[PDB]
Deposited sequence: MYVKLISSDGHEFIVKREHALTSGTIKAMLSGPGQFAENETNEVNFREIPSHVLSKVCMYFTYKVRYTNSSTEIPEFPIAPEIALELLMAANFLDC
């Protein structure tokens, strides 16, 4: 039910599998097959990615007003690169 995503700087993010599987890339990387290492994505980026999964799963198929997903300017470039690689 939970999987571990490890950042370049060694941070270990434990998220529900269904949340992780909103990345196609991660879905493929799971096929310690419940652990995945990201030697190119630092913790300040991977933490945001995980927040995005929570966000996506909460608000996908919701009639409630949906809030903006916030992204600080300082991480935008890296988050872009990570999002692109992760396909999410």
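The deposited chain is incompletely modelled, with C-alpha atoms absent only over 32-39.
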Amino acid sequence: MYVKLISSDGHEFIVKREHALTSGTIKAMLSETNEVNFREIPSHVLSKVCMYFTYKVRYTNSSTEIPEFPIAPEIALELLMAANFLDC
From here on, numbers count along this sequence of modelled residues.
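In the record comparison, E35 is modelled in each of the other entries of this protein that model the residues flanking it, with no third of them omitting it. Between the stretches 32-40 and 53-61, it is 32-40 that shows the larger average CA temperature factor.
Higher average CA B factor: 62-70, of the stretches 19-27 and 62-70. Among the modelled residues of its chain, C88 has a C-alpha B-factor that falls in the middle third, as given in the PDB entry.
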